[PDB]
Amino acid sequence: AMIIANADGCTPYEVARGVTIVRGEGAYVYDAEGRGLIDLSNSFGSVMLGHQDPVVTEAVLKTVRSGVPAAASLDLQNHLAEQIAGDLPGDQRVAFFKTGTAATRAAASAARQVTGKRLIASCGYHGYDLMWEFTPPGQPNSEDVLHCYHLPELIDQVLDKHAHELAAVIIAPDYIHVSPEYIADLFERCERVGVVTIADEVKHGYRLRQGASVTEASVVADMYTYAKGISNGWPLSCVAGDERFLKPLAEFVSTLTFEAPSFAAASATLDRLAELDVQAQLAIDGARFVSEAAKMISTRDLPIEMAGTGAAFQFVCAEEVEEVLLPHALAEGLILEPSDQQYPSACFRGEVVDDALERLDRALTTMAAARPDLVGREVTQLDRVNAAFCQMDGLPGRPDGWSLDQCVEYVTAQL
C-alpha cells in the first residue's frame, strides 16, 4: 500500500517498472514471461562479474551452509583487507562498512577527527546521508559540506576562503566527459594547500582497473572508498587509507559489520576480477560496443551521441529523446539505465556484445519509425551539459561560452 517509504528514489531498473524481473544469470535478466533482457544496469553497477557468478555463488553458499557467525572468520576478513590494501600505493589499513554512504561518511568523520576541523568540500555524489545533500556553490549544507561541482574555479573559491578550515575534500572521479588530467587537477589543487583528500571510488573502484581509478590518473589520496566494484552485489564497502586516518575508525563497528557471506562474496569477487582480466577486457568490449553504437545512430540520423568507452559510457541525448530510446530498447530486450552511464559486467563480452548491438539496432529502427520527427534533430550544447550533469553530478569543466556565474546559476537551477 506504498508502505515502504524509501522505495521511490535512486533504485535501479526504473525503465522496467512496467515489467517484472524474476531471474538473473550472467549478462541477462529474465522477466515473468521468460523473456531474456541484456542488463546494462547490473544493479547500478554493483554486479561487476554477472548475475549468479558461479564462483561467488559457491563461496557464499558454502559460508551460509556452515552457519559460521559474524566476526568469527578472522583469516577471511584480514585476507580481504590485504587484497584491497595491496592494490593501492602506500601502506593502507582497511575499515569495513555495509554501504558506500557509510564508507564516505566514515572517511569524512576520520578526517574531522584527525584535523579537528569541521568543513568538508566535495565534488560528486557520495551517498544518501544528509551530509551529502547538494546545495548551491558557496552554501554549506546542514552538515557543513560545500559542493564544488567538479569545477576547478569553485574548488579554488572554497580553498581561497576556507582551506585553513577544511577537514578534507572528497572527490568522486569520472572520465566520460572530462579527462584523467582534469580529475587529477582537482585533487592537486587541494594537495598544494595541505588539505586531506578522499577519493570516492564507490562507483569506479575495481570497474575501470584492478584498484582505484584515480591511481591511473597519477593521483594518490589519503583515503579511498569502495563499494560497487568489490562484492558483485553483496552489501560490503570500505575505507582504505593511511594509518593516521584509519586509526580513528577503530570503533566504527556494527553488529553485522563482519557477517560472513558478504566477506566470502567480496574476496571471491576480487579474485575473479583478476582471473578473468575483467576491467581490461571490458575496456576492449565496451569500446567495440560504443563505436558500433555510434555508427548505427549515425546511419539513422538520430539525435544521440555516444560518450565514454569501455566500462563507462553514456547515450547522450535530450531528456525527451532518452524517454523514447529507453522504452524502445526495453521492447527489444535491452535494459539501459536512464540519465547515467551504462554499467556492463564481465559477462558483456563475446557474443553478448553482438547480441546487445543487434537489439540496439532494432530499437533504433523502431524509434526512428515511431518518432520520425526526431530524425535529423541536432544535439545541442545544453543537451550535452545536462547529460554530463546527470551522469557525473557536476559540470564537465566550464562549458564553452559560459561564464562562471552562468555555471553557478545552472547548477543552482538543477537542485
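Residue indices: 1-based, along the sequence shown.
For the pair 243-251 and 175-183, the record assigns the higher mean C-alpha temperature factor to 243-251. The PDB entry records a higher mean C-alpha B factor for 367-375 than for its counterpart among 367-375 and 353-361. For the set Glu292, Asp144, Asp87, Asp91, the PDB entry assigns the largest Cα B-factor to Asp91.
Note on the listed residues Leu76, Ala265, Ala227, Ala199: the highest Cα temperature factor in the record is that of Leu76. Compared with the other modelled residues of the chain, the Cα B-factor recorded for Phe44 ranks in the highest third.
When the modelled residues of the chain are ordered by C-alpha B-factor, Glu133 sits in the middle third. Among the modelled residues of its chain, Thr299 has a C-alpha B-factor that falls in the middle third, as given in the PDB entry.
In the PDB entry, a CA B factor belonging to the highest third of its chain's modelled residues is recorded for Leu382. Sort the chain's modelled residues by C-alpha temperature factor and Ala217 lands in the middle third, per the entry.
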